Amino acid sequence: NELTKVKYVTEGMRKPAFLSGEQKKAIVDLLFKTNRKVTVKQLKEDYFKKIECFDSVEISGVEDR
DNA sequence: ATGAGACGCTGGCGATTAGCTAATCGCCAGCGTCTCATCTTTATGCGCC
């Protein structure tokens, strides 16, 4: 429910789009199932750059952590 | 062929004799703990019909 509004904006993307269903499961298995609690900075640095390899992330759904 | 009818110091004292709420104020109020769990609810932090 908290990951249904974590919106991802690619550096090449033209409009913000919420994370897709497979993307959510990817987030869960990579980070949300490894650490007790994941900060937004940690999700941005430890998932998007390792999987999507996006230069920068832009979250419009959760603040600080 | 006579013998009834016509009735007092009290009031103003003392002095017994007896008896009763009420107005003012002050005091002073059972309290001590812990455990255990149980749920809520609030402050801040995130979303558009």
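From the phi angles alone, apply the Karplus equation (6.51, -1.76, 1.60; θ = phi - 60°) to segment A:50-57 and give each ³J(HN,Hα) in whole Hz, x where the residue is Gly or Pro.
8, 9, 6, 6, 7, 5, 9, 10
Might you report the magnitude of the Cβ-based charge dipole of chain A about its Cα centre, with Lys and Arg at +1 and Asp and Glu at -1, to the nearest 20 debye? Working shown, then result.
Details: 14 positive and 11 negative charges, 38 e Å.
About 180 debye.
Search the structure for amide H atoms under 5 Å from the amide H of A:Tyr8, placed 1.01 Å from N in the peptide plane, and list their residues when 5 or more places away or on another chain.
Amide H neighbours of A:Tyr8, under 5 Å, 5+ apart: A:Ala17, A:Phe18, A:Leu19.
No lab work stands behind these numbers, since they all come straight from the coordinates. Here the Cβ is made from the backbone with ideal geometry for all residues, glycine too, and neighbour counts use every protein chain on show.
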